[PDB]
Amino acid sequence: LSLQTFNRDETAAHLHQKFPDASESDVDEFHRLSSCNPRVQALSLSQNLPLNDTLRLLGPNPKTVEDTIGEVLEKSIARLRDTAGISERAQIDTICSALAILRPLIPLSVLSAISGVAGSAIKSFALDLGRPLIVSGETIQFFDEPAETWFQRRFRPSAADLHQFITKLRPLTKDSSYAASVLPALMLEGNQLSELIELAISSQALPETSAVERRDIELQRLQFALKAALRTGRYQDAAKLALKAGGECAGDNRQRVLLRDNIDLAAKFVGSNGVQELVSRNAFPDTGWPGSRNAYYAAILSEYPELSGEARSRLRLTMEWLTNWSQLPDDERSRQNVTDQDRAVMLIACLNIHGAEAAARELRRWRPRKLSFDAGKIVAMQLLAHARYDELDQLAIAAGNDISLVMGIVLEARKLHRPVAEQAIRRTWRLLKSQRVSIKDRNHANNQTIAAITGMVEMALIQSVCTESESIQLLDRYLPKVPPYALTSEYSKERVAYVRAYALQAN
Amino acid sequence: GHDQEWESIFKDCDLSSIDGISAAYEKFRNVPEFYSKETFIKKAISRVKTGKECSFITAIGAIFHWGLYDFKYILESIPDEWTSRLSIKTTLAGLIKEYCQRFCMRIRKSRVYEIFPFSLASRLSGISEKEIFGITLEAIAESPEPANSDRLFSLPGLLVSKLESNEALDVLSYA
Amino acid sequence: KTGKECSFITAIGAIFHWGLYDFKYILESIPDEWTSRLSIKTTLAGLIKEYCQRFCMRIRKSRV
Amino acid sequence: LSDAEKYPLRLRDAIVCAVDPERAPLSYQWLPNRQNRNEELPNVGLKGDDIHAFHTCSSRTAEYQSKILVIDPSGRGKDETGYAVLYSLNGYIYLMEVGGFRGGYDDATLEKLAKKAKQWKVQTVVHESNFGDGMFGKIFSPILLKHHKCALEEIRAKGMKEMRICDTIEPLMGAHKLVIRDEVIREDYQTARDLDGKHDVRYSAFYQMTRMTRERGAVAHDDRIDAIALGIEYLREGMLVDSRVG
Amino acid sequence: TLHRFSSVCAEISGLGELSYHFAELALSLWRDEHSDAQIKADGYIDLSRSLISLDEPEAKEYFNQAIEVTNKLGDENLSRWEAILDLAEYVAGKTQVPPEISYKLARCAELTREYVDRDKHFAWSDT
């Protein structure tokens, strides 16, 4: 018989003993980041740290208290060797050699095949050693970068190990995208150079897979055959390979930005395994302030329920970097631009993980209230595309007195002929009637005030929220008495809004 | 003019030692005006004693750990008389090899602008240009980093020194 | 109904576990408008392969 | 006759004045009239484009808010490197020099540009960047720093250059926010020299401006008006700074 | 405008077929002609996004086209052309050259002039 690890309810009943008021998402984050292992949970909770620090030390790239890297890890691995049985120590050394050479998302089956060790021994080794390793699903990972670098320098394999790994690995390449992607980097180490050259030059086969994976295998083959050709004096083939490889490299670089900028489609047409592998390999580049990547990684993970516990832990890591940016001097801060697209993706991530109200609170922390209008249009477009009407209604109600968000939402909702929840429109109509609004551009053109006011009036009319006297008073407050310029320029952005507004006031 | 600024900068600065060069550079930095590295180089060459030049070249090559662009100045500044002595030639050959190995992912041959003057370095050191491209290529073959697109589209301009013309025509027809 | 055709094709292929002769009718019955949409083409391309693999000992080319 | 939409840009819609280098009036009002029309400046514009001064302005004067120099470096082959000098105050944008130097990255051109950055007491140097070139700033800065010191900043723009120029200048000129220093109109017209030194109007900035169209075959030469467009766009977008509280 | 029509007609009952029609017409205006790979890659993304609420297996295929098209010509030209010139001016003085190679070099020069924006970025005299 076999005995089974904790489920979610067991972990919740464990966690509420120390912190009897933790929320569901805290239970989710604590259940994911501890591999459902009771000893790990007890060991972490025994420190009597605050709750947020207890979660933070289980997250990616924790506080590097070690001034001289790798010191305690050497002792831990030595002590693990000394206490093991006489049969186990070769297997421990083999696992150490195997982790130093593979690409970073290792499935346990391939590691078991190439090393010959049973999977449960690998899992028990990783549970004994603790951080920097982690086991989740059927995958092994490192969670800290200089620890990983020191490990890859300290335990680099020998020639006989490499020969065994190549011989074991090569038959699997007919079925696995991972094996086909990994093999050339091992052949370059093994000095099987000519086989690598003829592997890249000739039309050697591939497993059945989508385009996003096939591009990777093609590029890796070319990139390592170039090195082999230069090492064996095959200069004509080297020049032809360089010309062939430049376009593939540029195509990969152009592909990754396209995936980054279109999270809504990318999360849907790529499976969850590919989504985890994109984060693991660190594929997205930054967008002008040093911690930007983690904003998008938080978003794309949040589309899947079962990855939710990881998603929060990435979002938690983002708010550190943003905090640092807020503390720079003004001249330095003026050189690190933060765009409205970033605010939109952070708003989407927080809405998916926490809720509408917690999403709405953070948008009020940015000082010029123009920014709420800018973010609100993008969020409304993304939500209306996928027919998520009730979530948009909840976000509209939760906005409170931050009327710019509502005025953006109704402006985007009017274009697609969708209704909006009447509670928020009644409240914001009540606020509009008595106080100034001006969505002022820094540019002296494309002032959006007329379009937003007209959209509000159209929405109020179609729902029979207001009287016509109120509408006349409101339009009369805003329409200029002399004609503005834009009526006689065919490329001025403002023209159609004025034509619509004057026609509506006249009728 | 401005001579006494120089007479203050080189005050007790032993240019034959490593430390005196750094002291002189800090004295140059003390009153921020007229920054032009070549002027400091030229004057320090004007002040070195007889028979200790090679110490100066090795020191000035070592101290500032020169970037990609700046190295051009030193080769440009050496007096012609110094070419008559063979120790100087072998020292310059070693210092050229140091640079060619340190920046193998960024050296290229261009029509727009000449970052590194191959012909001048070749004449001063005695290493022919066909050896300099080989020194760059073997350092590329050893390096652990992957290449970028700009490195990949400038390798044929280096590999072309190896090929016979009948092979280069095939490469062109392929391209 | 519009927008659920591929579900119909996959279902009607799957349910009856068709014999050798009967498969002919399905290809014969599909309307021409159905050809304009790329999902339908990839679904049919997926369905042909299973037939070609299931009956490899009986498929032949004939004049009669 | 296509006279209203063949050429978007007209010289009638901008103020020309001999502004003071240190203070300027805080507002202006526009009315082209015989009293305000100039008659002595050379004018390459099409028939009916007459240079006019302002009609009335405020008596209250203050120092300018920001001061930019813009550079468009020469590409492949021999062409002139373009540059422009612009300041700003409230909605108004002031243009005070435009011209060009012929050559490459030789020391003479860069020395002249550094001295020009010194002469007007500029505050920021801005330039266009393309294709991952990466050279020009690294080359130029150690030459600049011995004359004047300030930050250097790159941009890259995208799309149809002709439509970008038209769609940048036309909203600004329609709001009549553009004030031009007087002698510029002469200086450009004097400096419009071919390689041999012969006079040729095709190198004049205002000739390039008045023949601009929203077409891909619009004009063969653009080196000065492009620097004007990038200066306008940078003064338009660069003023914003955000903050976060909590 | 066509994308907006495609999106709106998907929610109205009984108008669904037009959602395909307005898509294909929108494809016809730019699929045949020259443009860079990024501008082309952006169009299939909007085609894909317009049809999500209606027929998701059809929406997937335009995403596959968007991923596939990114290999083609783009900003990386004028780097490739310099390598071609570096080869050609090495081989030029030494041997006889067949006429068809010389013809194809000029044909590709005429092709590569079309993609640049400003004329000053193209190497006339060297070519």
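We did not get these values from a lab; they are worked out from the coordinates using the rules stated. Every residue, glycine among them, receives a Cβ derived from its backbone with ideal geometry; neighbour counts consider all protein chains shown.
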The equivalent-ellipsoid semi-axes of the protein assembly as shown, taken as the square roots of five times the Cα gyration tensor eigenvalues and listed largest first in whole Å, are 51, 48, 35
List the residues of the range A:377-396 whose backbone N lies under 15 Å from a point placed 7 Å from the Cα of C:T2 along the Cα-to-Cβ direction.
none
Rounded to the nearest 20 debye, dipole of chain C from Cβ charges on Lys, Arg, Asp, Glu:
320
Ranked highest first by average number of other Cβ atoms within 10 Å, how do A:219-228, D:120-129 line up?
A:219-228, D:120-129
Kirkwood-type radius of the range A:457-507, with distances r between different C-alpha atoms, in Å
12.1
Out-of-range pairs (alpha-carbon distance over 22 Å; input A:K440/A:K481; B:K42/B:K89; B:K72/B:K162):
B:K72/B:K162
Alpha-carbon radius of gyration plus Dmax, which is the widest Cα pair, for the range A:112-175 in Å
13.6, 35
Give me the distance between the Cα centres of the range A:186-262 and the range D:163-209, rounded to whole Å.
51
So, over other residues within a Cβ distance under 14 Å of A:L186, counting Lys, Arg +1 and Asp, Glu -1, the net charge is +3
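Based on DSSP H runs of at least 4 residues, each adding -39500 (n - 2.57), what is the mean residue ellipticity at 222 nm of the protein assembly as shown after dividing by all its residues, to the nearest 500 deg cm²/dmol?
Here the helix-only value at 222 nm equals -16500 deg cm²/dmol.
In the protein assembly as shown, what percentage of the DSSP-assigned beta bridges are antiparallel, given to the nearest 5?
If we restrict to bridges inside the protein assembly as shown, about 65 percent are antiparallel.
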Run the numbers for C:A11 and C:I30: contour at 0.36 nm per residue of separation, minus the present Cα-Cα distance, in nm.
5.4 nm
With a ≥ b ≥ c the root eigenvalues of the C-alpha gyration tensor of the range A:246-324, is it rounded (a/c under 1.5), prolate (a/b larger than b/c) or oblate?
oblate
Starting from the 7 Å offset along Cα-to-Cβ, what nm value, one decimal, do you get for the label separation of A:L504 and A:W321?
4.2
Any idea what the dipole of the protein assembly as shown comes to, in debye rounded to 20, about its Cα centre with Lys/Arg Cβ at +1 and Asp/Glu Cβ at -1?
240
To the nearest 0.05, how large is the calculated FRET efficiency for A:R388 and D:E183 if R₀ is 60 Å and r is the Cβ-Cβ distance?
0.45
Any idea which of B:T90, A:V135, A:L461 is furthest toward the positive side of the dipole for the protein assembly as shown, if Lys and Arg beta-carbons carry +1 and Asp and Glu beta-carbons -1?
A:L461
Estimated distance in nm for a label pair at B:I18 and A:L105, the labels positioned 7 Å out from Cα along Cα-to-Cβ
4.9
Over 32 Å between C-alpha atoms is what I'm after, so list which of B:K97/D:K138; D:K118/D:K198; A:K227/B:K97; B:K109/D:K112; B:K109/E:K104; D:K161/E:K60 land there.
D:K161/E:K60
Based on the inverse mean of 1/r over its pairs of different Cα atoms, what is the Kirkwood hydrodynamic radius of the range A:1-80, in Å?
14.4
Exposure-ranked with fewest Cβ neighbours within 10 Å first, D:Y87, B:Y69 stand as B:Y69, D:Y87
So, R0 is 45 Å and r is the distance between the beta-carbons of E:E33 and B:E81; what FRET efficiency does that work out to, to 0.05?
0.10
Could you work out the percent of alpha carbon pairs in the range D:141-246 separated by over 20 Å, rounded to a whole number?
56
Just tell me which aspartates and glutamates come within less than 13 Å, Cα to Cα, of A:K18; anything on the same chain fewer than 8 places away is out.
A:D26
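With r defined as the distance between the Cβ atoms of A:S124 and B:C54 and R0 fixed at 51 Å, what FRET efficiency is calculated, to the nearest 0.05?
Once the sixth-power term is evaluated, E becomes 0.20.
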Once a ≥ b ≥ c are taken as the square roots of the eigenvalues of the Cα gyration tensor of the range D:1-145, is the result rounded (a/c under 1.5), prolate (a/b larger than b/c) or oblate (a/b not larger than b/c)?
oblate
Give the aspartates and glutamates whose C-alpha is closer than 13 Å to that of E:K94, dropping any in the same chain fewer than 8 places away, or say none.
B:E164, B:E167
Rh by Kirkwood over Cα pairs, then Stokes-Einstein D for chain A at 1.567 mPa s and 4 °C, µm²/s:
47
Give me E:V116, D:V85 ranked fewest to most by other Cβ atoms within 10 Å of their Cβ, as a rough exposure proxy.
E:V116, D:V85
Most exposed to least, judged by fewest other Cβ atoms within 10 Å, D:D223, A:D161, B:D80 sort to B:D80, A:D161, D:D223
Alpha carbon centre of the range A:60-95 versus the range B:21-59: separation in Å?
52
Cα atoms only: what Rg and Dmax, in Å, come out for the range B:68-175?
15.6, 49
Distance from the Cα centre of the range A:410-433 to that of the range A:316-342, in angstrom?
33
Size descriptor, Kirkwood hydrodynamic radius, that averages inverse alpha-carbon separations across chain E, Å:
17.9
For C:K61, counting only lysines whose alpha-carbon sits under 16 Å away and dropping same-chain residues fewer than eight positions off, the answer is C:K24
Cβ under 14 Å from A:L265's Cβ, A:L265 left aside: what net charge do those residues give with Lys, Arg +1 and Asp, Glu -1?
-4
Can you give the translational diffusion coefficient of the range A:168-308 in µm²/s, computed by Stokes-Einstein from the Kirkwood radius over Cα pairs at 25 °C and 0.890 mPa s?
145
For chain A, size of Cβ-based charge dipole, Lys and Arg +1, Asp and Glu -1, in debye
1120
Give me the net charge of D:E22's neighbourhood, meaning all other residues with Cβ under 15 Å from the Cβ of D:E22; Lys, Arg count +1, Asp, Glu -1.
+3
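Output the pairs from B:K27/D:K149; A:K377/D:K158; D:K67/D:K121 with a Cα-Cα distance over 19 Å in this structure; if there are none, say none.
Cα-Cα > 19 Å for B:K27/D:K149; A:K377/D:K158; rest within.
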Gain in span if fully extended, D:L240 to D:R34, counting 0.36 nm per residue against the direct Cα distance
70.1 nm
Relative contact order of chain E, please, whole-number percent, based on alpha carbon pairs below 8 angstrom and at least 6 residues apart.
21
Test item: B:139-146 mean partner chain Cβ contacts at 10 Å:
3
